[PDB]
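For reference, coords08.tsv (TSV, C-alpha atoms and all ligand atoms):
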chain	number	residue	atom	x	y	z
I	11	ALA	CA	-3.46	23.30	18.54
I	12	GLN	CA	-5.52	20.11	18.77
I	13	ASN	CA	-4.33	17.23	21.03
I	14	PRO	CA	-1.39	19.12	22.50
I	15	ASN	CA	-0.47	16.35	25.00
I	16	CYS	CA	-0.14	13.89	21.99
I	17	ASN	CA	-2.53	11.32	23.39
I	18	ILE	CA	-3.57	8.33	21.35
I	19	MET	CA	-7.04	9.00	20.01
I	20	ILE	CA	-9.75	6.43	19.30
I	21	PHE	CA	-12.29	6.93	16.53
I	22	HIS	CA	-15.71	5.37	15.92
I	23	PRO	CA	-16.71	6.32	12.29
I	24	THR	CA	-20.23	5.71	11.12
I	25	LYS	CA	-20.83	3.55	8.00
I	26	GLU	CA	-21.25	6.78	6.05
I	27	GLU	CA	-17.97	8.21	7.32
I	28	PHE	CA	-16.25	4.86	6.45
I	29	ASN	CA	-16.73	5.38	2.71
I	30	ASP	CA	-14.00	7.84	1.94
I	31	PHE	CA	-10.67	6.70	3.39
I	32	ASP	CA	-8.61	9.80	2.52
I	33	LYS	CA	-11.27	12.13	3.86
I	34	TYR	CA	-11.43	10.28	7.22
I	35	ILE	CA	-7.63	10.34	7.63
I	36	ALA	CA	-7.72	14.07	7.01
I	37	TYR	CA	-10.58	14.37	9.59
I	38	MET	CA	-8.55	12.51	12.22
I	39	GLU	CA	-5.62	14.83	11.66
I	40	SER	CA	-7.94	17.89	11.95
I	41	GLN	CA	-8.59	16.63	15.49
I	42	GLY	CA	-4.88	16.26	16.27
I	43	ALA	CA	-4.64	12.45	16.01
I	44	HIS	CA	-1.23	12.49	14.28
I	45	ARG	CA	0.41	14.22	17.19
I	46	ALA	CA	0.41	10.91	19.10
I	47	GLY	CA	2.03	8.95	16.26
I	48	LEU	CA	-0.71	6.28	16.47
I	49	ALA	CA	-4.56	6.23	16.37
I	50	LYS	CA	-7.16	3.45	16.80
I	51	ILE	CA	-10.15	3.17	14.45
I	52	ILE	CA	-13.10	0.96	15.48
I	53	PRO	CA	-15.08	0.10	12.32
I	54	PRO	CA	-18.84	0.61	12.23
I	55	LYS	CA	-20.82	-2.33	13.51
I	56	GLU	CA	-22.26	-3.02	10.00
I	57	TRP	CA	-18.78	-3.60	8.52
I	58	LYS	CA	-16.84	-6.78	8.11
I	59	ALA	CA	-13.46	-7.62	6.52
I	60	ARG	CA	-14.65	-10.98	5.23
I	61	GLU	CA	-17.38	-13.54	6.10
I	62	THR	CA	-15.29	-16.05	8.10
I	63	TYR	CA	-11.71	-17.05	8.92
I	64	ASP	CA	-12.53	-20.77	8.75
I	65	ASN	CA	-10.54	-21.50	5.62
I	66	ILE	CA	-7.08	-19.85	6.23
I	67	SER	CA	-5.06	-22.85	7.47
I	68	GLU	CA	-3.46	-23.68	4.19
I	69	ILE	CA	-1.74	-20.30	3.74
I	70	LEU	CA	2.07	-20.94	3.76
I	71	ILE	CA	4.52	-19.19	5.98
I	72	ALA	CA	7.56	-19.85	3.77
I	73	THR	CA	10.19	-18.45	6.18
I	74	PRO	CA	9.01	-18.33	9.83
I	75	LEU	CA	11.39	-16.23	11.94
I	76	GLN	CA	12.61	-17.28	15.44
I	77	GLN	CA	13.20	-14.05	17.37
I	78	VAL	CA	16.28	-14.60	19.55
I	79	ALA	CA	17.06	-11.85	22.13
I	80	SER	CA	20.34	-10.54	23.57
I	81	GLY	CA	20.82	-7.99	26.33
I	82	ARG	CA	18.87	-7.22	29.52
I	83	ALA	CA	15.13	-7.44	30.12
I	84	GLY	CA	14.40	-3.79	29.40
I	85	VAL	CA	17.12	-3.14	26.75
I	86	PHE	CA	17.72	-5.83	24.19
I	87	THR	CA	18.15	-6.61	20.52
I	88	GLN	CA	16.63	-9.44	18.56
I	89	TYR	CA	17.86	-11.36	15.58
I	90	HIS	CA	15.70	-13.40	13.26
I	91	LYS	CA	16.71	-17.01	12.71
I	92	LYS	CA	15.05	-18.54	9.66
I	93	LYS	CA	13.06	-21.77	10.23
I	94	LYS	CA	11.54	-24.31	7.90
I	95	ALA	CA	8.27	-23.52	6.11
I	96	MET	CA	4.99	-24.31	7.75
I	97	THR	CA	1.30	-23.75	7.05
I	98	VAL	CA	-0.87	-21.34	9.10
I	99	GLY	CA	-2.60	-24.47	10.59
I	100	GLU	CA	0.77	-25.87	11.66
I	101	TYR	CA	1.86	-22.47	13.06
I	102	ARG	CA	-1.41	-22.07	15.04
I	103	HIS	CA	-0.86	-25.48	16.63
I	104	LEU	CA	2.71	-24.49	17.50
I	105	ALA	CA	1.58	-21.12	19.03
I	106	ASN	CA	-0.94	-23.05	21.19
I	107	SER	CA	1.65	-25.65	22.40
I	108	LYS	CA	2.79	-25.70	26.00
I	109	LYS	CA	6.23	-24.31	24.98
I	110	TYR	CA	4.79	-21.22	23.25
I	111	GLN	CA	1.30	-20.50	24.59
I	112	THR	CA	0.26	-17.42	26.52
I	113	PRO	CA	0.58	-17.94	30.31
I	114	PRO	CA	-2.23	-17.53	32.71
I	115	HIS	CA	-2.79	-13.88	33.52
I	116	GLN	CA	-5.27	-11.51	35.18
I	117	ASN	CA	-5.66	-8.77	32.60
I	118	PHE	CA	-3.69	-6.98	29.88
I	119	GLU	CA	-1.57	-5.11	32.47
I	120	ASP	CA	-0.47	-8.31	34.18
I	121	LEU	CA	0.42	-9.82	30.78
I	122	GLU	CA	2.43	-6.66	29.88
I	123	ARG	CA	4.38	-7.04	33.16
I	124	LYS	CA	5.11	-10.68	32.33
I	125	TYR	CA	6.20	-9.77	28.77
I	126	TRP	CA	8.79	-7.21	29.96
I	127	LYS	CA	10.01	-9.43	32.76
I	128	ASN	CA	10.41	-12.61	30.75
I	129	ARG	CA	10.59	-11.92	26.96
I	130	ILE	CA	14.32	-12.29	26.66
I	131	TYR	CA	14.31	-15.84	28.05
I	132	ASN	CA	12.25	-17.21	25.19
I	133	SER	CA	12.51	-17.24	21.35
I	134	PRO	CA	9.00	-17.07	19.87
I	135	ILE	CA	8.44	-17.73	16.11
I	136	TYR	CA	6.85	-14.91	13.97
I	137	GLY	CA	5.28	-15.36	10.46
I	138	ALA	CA	5.95	-11.88	9.33
I	139	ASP	CA	5.98	-9.99	6.14
I	140	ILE	CA	3.97	-12.42	3.96
I	141	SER	CA	2.66	-10.72	0.76
I	142	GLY	CA	-1.10	-11.17	0.55
I	143	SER	CA	-4.55	-10.10	1.82
I	144	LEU	CA	-7.43	-11.54	3.84
I	145	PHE	CA	-9.96	-8.81	2.82
I	146	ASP	CA	-12.84	-10.12	0.73
I	147	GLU	CA	-12.79	-8.52	-2.71
I	148	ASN	CA	-16.34	-7.41	-2.11
I	149	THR	CA	-15.41	-5.37	0.98
I	150	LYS	CA	-15.41	-1.87	-0.40
I	151	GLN	CA	-14.58	0.19	2.73
I	152	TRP	CA	-11.06	0.21	4.28
I	153	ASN	CA	-9.94	-2.75	2.24
I	154	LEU	CA	-6.16	-2.64	2.63
I	155	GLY	CA	-5.67	-4.32	-0.75
I	156	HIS	CA	-7.66	-1.47	-2.54
I	157	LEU	CA	-6.07	1.66	-1.23
I	158	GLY	CA	-4.69	4.40	-3.48
I	159	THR	CA	-1.00	3.69	-4.08
I	160	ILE	CA	1.91	5.74	-2.79
I	161	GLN	CA	3.23	6.03	-6.36
I	162	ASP	CA	-0.06	7.56	-7.45
I	163	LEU	CA	0.03	9.98	-4.48
I	164	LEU	CA	3.54	11.15	-5.38
I	165	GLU	CA	2.38	11.61	-8.95
I	166	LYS	CA	-0.71	13.56	-7.93
I	167	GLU	CA	1.25	15.84	-5.56
I	168	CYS	CA	4.53	16.29	-7.42
I	169	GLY	CA	3.73	15.42	-11.08
I	170	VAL	CA	6.43	12.76	-11.46
I	171	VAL	CA	5.42	9.29	-12.67
I	172	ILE	CA	7.48	6.50	-11.10
I	173	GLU	CA	7.76	2.70	-11.19
I	174	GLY	CA	6.76	0.57	-8.20
I	175	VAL	CA	3.88	-1.12	-6.56
I	176	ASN	CA	2.32	-1.08	-3.05
I	177	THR	CA	0.74	-4.30	-1.67
I	178	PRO	CA	-0.26	-5.54	1.78
I	179	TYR	CA	1.48	-7.94	4.12
I	180	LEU	CA	0.18	-10.57	6.54
I	181	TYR	CA	1.62	-11.19	10.00
I	182	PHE	CA	0.91	-14.37	11.94
I	183	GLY	CA	1.97	-13.91	15.61
I	184	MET	CA	2.19	-15.81	18.83
I	185	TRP	CA	2.85	-14.92	22.51
I	186	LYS	CA	5.94	-12.72	22.87
I	187	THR	CA	6.44	-12.11	19.17
I	188	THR	CA	7.88	-8.64	19.00
I	189	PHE	CA	8.12	-5.64	16.68
I	190	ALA	CA	11.17	-3.52	17.38
I	191	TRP	CA	11.32	0.29	17.61
I	192	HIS	CA	10.99	1.80	14.12
I	193	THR	CA	9.34	4.28	11.86
I	194	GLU	CA	8.06	3.23	8.42
I	195	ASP	CA	10.19	3.15	5.28
I	196	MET	CA	10.57	6.77	4.10
I	197	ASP	CA	8.60	7.77	7.25
I	198	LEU	CA	5.33	6.69	5.56
I	199	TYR	CA	2.03	6.06	7.31
I	200	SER	CA	1.02	2.54	8.07
I	201	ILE	CA	-2.38	0.96	8.63
I	202	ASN	CA	-2.77	-2.35	10.43
I	203	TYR	CA	-5.92	-4.46	10.77
I	204	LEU	CA	-6.05	-7.22	13.40
I	205	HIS	CA	-8.10	-9.89	11.55
I	206	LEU	CA	-8.29	-12.49	14.26
I	207	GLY	CA	-6.99	-13.89	17.49
I	208	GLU	CA	-5.30	-12.42	20.52
I	209	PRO	CA	-4.43	-8.76	21.05
I	210	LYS	CA	-1.35	-6.69	20.03
I	211	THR	CA	0.06	-4.09	22.47
I	212	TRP	CA	1.65	-0.98	20.95
I	213	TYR	CA	4.03	1.67	22.24
I	214	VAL	CA	4.53	4.96	20.36
I	215	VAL	CA	6.61	8.17	20.56
I	216	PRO	CA	4.98	11.40	19.28
I	217	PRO	CA	6.59	12.47	15.95
I	218	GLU	CA	7.61	15.81	17.40
I	219	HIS	CA	9.73	13.91	19.94
I	220	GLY	CA	11.23	11.24	17.77
I	221	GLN	CA	14.76	12.60	18.01
I	222	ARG	CA	14.59	12.06	21.81
I	223	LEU	CA	14.10	8.39	21.25
I	224	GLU	CA	16.92	8.30	18.71
I	225	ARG	CA	19.34	9.97	21.17
I	226	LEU	CA	18.44	7.44	23.88
I	227	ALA	CA	18.88	4.58	21.42
I	228	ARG	CA	22.40	5.82	20.47
I	229	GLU	CA	23.29	5.79	24.23
I	230	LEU	CA	21.79	2.34	24.85
I	231	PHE	CA	23.14	0.64	21.72
I	232	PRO	CA	26.50	2.36	21.30
I	233	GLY	CA	28.23	-0.14	18.94
I	234	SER	CA	25.17	-0.22	16.66
I	235	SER	CA	25.15	3.58	16.59
I	236	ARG	CA	28.80	3.71	15.49
I	237	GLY	CA	28.03	1.15	12.76
I	238	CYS	CA	25.17	3.14	11.18
I	239	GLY	CA	23.76	6.63	11.55
I	240	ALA	CA	20.17	5.22	11.19
I	241	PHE	CA	20.38	1.88	12.88
I	242	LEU	CA	16.81	1.85	14.09
I	243	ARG	CA	16.03	1.17	10.36
I	244	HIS	CA	17.42	-2.33	11.08
I	245	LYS	CA	14.35	-3.00	13.19
I	246	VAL	CA	16.16	-4.94	15.93
I	247	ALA	CA	16.19	-2.80	19.10
I	248	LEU	CA	13.81	-2.92	22.08
I	249	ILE	CA	13.53	-0.50	24.99
I	250	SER	CA	10.90	-1.10	27.74
I	251	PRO	CA	8.38	1.41	29.05
I	252	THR	CA	10.17	1.40	32.39
I	253	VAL	CA	13.43	2.40	30.71
I	254	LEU	CA	11.73	5.03	28.59
I	255	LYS	CA	10.15	6.56	31.77
I	256	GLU	CA	13.54	6.51	33.57
I	257	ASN	CA	15.07	8.53	30.73
I	258	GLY	CA	12.17	10.97	30.32
I	259	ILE	CA	11.13	9.90	26.84
I	260	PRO	CA	7.56	10.86	25.98
I	261	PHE	CA	5.43	7.85	24.85
I	262	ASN	CA	1.99	6.26	25.02
I	263	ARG	CA	0.68	2.73	24.91
I	264	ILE	CA	-2.52	1.02	23.76
I	265	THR	CA	-3.79	-2.54	23.14
I	266	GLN	CA	-5.43	-3.37	19.76
I	267	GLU	CA	-8.01	-6.16	19.67
I	268	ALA	CA	-9.34	-8.27	16.85
I	269	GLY	CA	-11.54	-6.23	14.52
I	270	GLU	CA	-9.76	-2.94	15.10
I	271	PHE	CA	-7.51	-0.79	12.89
I	272	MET	CA	-4.43	1.10	13.95
I	273	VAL	CA	-2.87	3.91	11.93
I	274	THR	CA	0.76	4.98	12.47
I	275	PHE	CA	1.63	8.51	11.29
I	276	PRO	CA	4.79	9.80	9.58
I	277	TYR	CA	7.83	9.64	11.84
I	278	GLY	CA	5.87	8.02	14.74
I	279	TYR	CA	8.27	5.50	16.30
I	280	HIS	CA	6.44	2.38	17.43
I	281	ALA	CA	7.17	-1.05	18.95
I	282	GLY	CA	5.04	-3.77	20.51
I	283	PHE	CA	4.18	-7.42	21.10
I	284	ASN	CA	1.51	-10.03	20.46
I	285	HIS	CA	-0.48	-11.61	23.30
I	286	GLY	CA	-1.02	-15.01	21.63
I	287	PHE	CA	-1.91	-16.54	18.26
I	288	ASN	CA	-3.15	-13.79	15.89
I	289	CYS	CA	-3.19	-12.58	12.29
I	290	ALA	CA	-2.75	-8.94	11.22
I	291	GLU	CA	-2.60	-7.27	7.82
I	292	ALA	CA	-0.76	-4.01	7.19
I	293	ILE	CA	0.29	-1.70	4.35
I	294	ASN	CA	2.05	1.62	3.96
I	295	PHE	CA	0.24	4.65	2.56
I	296	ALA	CA	0.80	8.32	1.91
I	297	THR	CA	-1.15	11.60	2.02
I	298	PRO	CA	-0.14	15.11	0.91
I	299	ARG	CA	1.17	15.85	4.42
I	300	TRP	CA	3.65	12.92	4.16
I	301	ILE	CA	5.66	14.44	1.31
I	302	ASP	CA	7.70	16.70	3.59
I	303	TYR	CA	8.48	13.79	5.91
I	304	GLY	CA	9.59	11.67	3.02
I	305	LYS	CA	12.07	14.32	1.94
I	306	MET	CA	13.61	14.43	5.44
I	307	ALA	CA	13.59	10.71	6.31
I	308	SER	CA	16.80	9.19	7.52
I	309	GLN	CA	18.30	6.41	5.72
I	310	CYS	CA	20.41	3.31	6.45
I	311	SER	CA	23.27	3.11	3.90
I	312	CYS	CA	25.36	0.45	5.90
I	313	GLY	CA	23.72	-2.39	4.07
I	314	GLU	CA	21.74	-3.87	6.92
I	315	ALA	CA	18.25	-2.43	6.30
I	316	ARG	CA	17.70	-3.88	2.75
I	317	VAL	CA	14.20	-2.94	1.53
I	318	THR	CA	11.70	-3.19	-1.34
I	319	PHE	CA	12.13	-2.37	-4.98
I	320	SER	CA	9.62	0.47	-4.62
I	321	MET	CA	11.68	2.49	-2.12
I	322	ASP	CA	14.22	3.18	-4.91
I	323	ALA	CA	12.05	5.69	-6.64
I	324	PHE	CA	11.07	7.42	-3.44
I	325	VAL	CA	14.75	8.03	-2.56
I	326	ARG	CA	15.63	8.95	-6.11
I	327	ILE	CA	12.93	11.62	-6.45
I	328	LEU	CA	12.61	12.95	-2.88
I	329	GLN	CA	16.28	12.59	-1.80
I	330	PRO	CA	18.47	12.87	-4.91
I	331	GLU	CA	21.57	13.92	-2.90
I	332	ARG	CA	21.32	10.72	-0.77
I	333	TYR	CA	20.48	8.47	-3.69
I	334	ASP	CA	23.99	7.31	-4.74
I	335	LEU	CA	25.12	6.42	-1.19
I	336	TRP	CA	21.78	4.76	-0.28
I	337	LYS	CA	21.86	2.67	-3.48
I	338	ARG	CA	25.43	1.46	-2.66
I	339	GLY	CA	23.91	0.15	0.61
I	340	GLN	CA	21.21	-1.69	-1.35
I	341	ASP	CA	23.86	-3.37	-3.68
K	1	LIG	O1	2.26	-5.95	13.54
K	1	LIG	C1	3.53	-5.96	13.48
K	1	LIG	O2	4.34	-6.92	13.76
K	1	LIG	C2	4.27	-4.74	13.05
K	1	LIG	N1	3.41	-3.76	12.34
K	1	LIG	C3	3.78	-2.49	12.13
K	1	LIG	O3	4.92	-2.03	12.49
K	1	LIG	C4	2.83	-1.58	11.45
K	1	LIG	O4	1.69	-1.96	11.15
K	1	LIG	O5	3.38	-0.49	11.17
K	2	MG	MG	-6.07	-21.77	3.40
K	3	NI	NI	5.38	-0.29	11.58
K	4	ZN	ZN	22.36	0.55	8.71

Output the file's structure in the form of structure tokens.
Ligand SMILES: O=C(O)CNC(=O)C(=O)O
Ligand SMILES: [Mg+2]
Ligand code: NI
Ligand SMILES: [Zn+2]
Amino acid sequence: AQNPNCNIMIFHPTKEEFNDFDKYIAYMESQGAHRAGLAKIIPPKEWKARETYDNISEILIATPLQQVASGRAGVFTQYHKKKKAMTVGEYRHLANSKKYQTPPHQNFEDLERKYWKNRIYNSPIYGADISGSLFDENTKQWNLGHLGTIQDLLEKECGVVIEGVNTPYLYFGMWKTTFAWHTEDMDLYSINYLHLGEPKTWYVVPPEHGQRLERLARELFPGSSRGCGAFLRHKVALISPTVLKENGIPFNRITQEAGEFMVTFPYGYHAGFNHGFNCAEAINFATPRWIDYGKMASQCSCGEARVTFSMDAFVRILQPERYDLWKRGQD
């Protein structure tokens, strides 16, 4: 078995290997990359996402989210308070202000220590989940707005034609902005490109050990667990690496820098934080190996998780028994 310790793997494709996205994903899996839950892909030196980022300041963040924490430093939840709209230029200035800017630090490890020590005492503002793309239309390789769609994959594998669309999302971050422990909708893959700015640190649990994380989360968040049998679908809970180590949960960590791709694999729980002002783009995707994970994915039916139009069909076709109850949650 390849990669039996489930380490995060880093890949350096050539320009020729960068042509066929599906084929390269399948290559990475042949080397065991999926066992970690997360892989890094450094694009060939000839490649670029677009020519410059000089003209992005007028993009609107219609609903910036203030991420307010509750709990203890290593075990907390966050809720998202909606703020007034602002442009990317206005948000960048805010991220760079004395109130919100990255503190002085020695290296990524020192900054990680400061994040876990101090996150809860601040409420950074995240421009998340903004439909759109910063890939130039002429970028033909690994252009996250030109991938094969999940609906077309399901049709190719299973023969059933379904409604729905699949488009990318932009994330504008600042110091301490945080993504809670989750897997993707329907335990899909994700791909994330860091277009610009400061780094993003990731934590990941191997898919084969995901239920260990879930059992810890039920212990650490006991009211949430009674409220919903899949409450990590709410995307609100944080657990630090120190707490994970104390409870014997297998995980790995890595820092993504500007110009790099990350791929999360089906049922790979991940969480993380931004180091400072940045912009990422991400989308879900599927391969043939996903189908079995989609059929087994947990679902939130309590009403909290509320998701896209396009998840309807996936539930309806892959999980017909769950469909009725899940749809009641969505309505
Ligand atoms: O970058 C973020 O805030 C969160 N992104 C993801 O969870 C992802 O790409 O799967
Ligand atoms: Mg603009
Ligand atoms: Ni994700
Ligand atoms: Zn729920």

Measuring between only C-alpha atoms, which one of I:180, I:43, I:171, I:325 shows the shortest distance to residue 154 in chain I?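 Of the candidates, the smallest distance to residue 154 in chain I is held by I:180.
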
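With distances restricted to all atoms listed in the file, I:273 is the closest residue to residue 20 in chain I from I:197, I:146, I:94, I:273.
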
What are the closest atom pairs, with distances in Å to one decimal, for all residues of chain I lying within 8 Å of ligand MG 2 (chain K)? Consider all atoms listed in the file, order rows by chain and residue number, and present the result as a tab-separated table.
residue	atom	partner	partner_atom	distance
I:65	CA	K:MG2	MG	5.0
I:66	CA	K:MG2	MG	3.6
I:67	CA	K:MG2	MG	4.3
I:68	CA	K:MG2	MG	3.3
I:69	CA	K:MG2	MG	4.6
I:98	CA	K:MG2	MG	7.7

To one decimal place in Å, what is the distance between CA of residue 163 in chain I and CA of residue 302 in chain I?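 Interatomic distance here is 13.0 Å.
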
Contacts of residue 304 in chain I at 9 Å or less, counting all atoms listed in the file, minus same-chain residues fewer than 5 places along, as number ranges by chain? I: 195-198, 276, 324-325, 328-329

Point out the residue among I:118, I:277, I:241, I:125 with the least atom-to-atom distance to ligand LIG 1 (chain K), counting all atoms listed in the file.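 Ranking I:118, I:277, I:241, I:125 by distance to ligand LIG 1 (chain K), first place goes to I:277.
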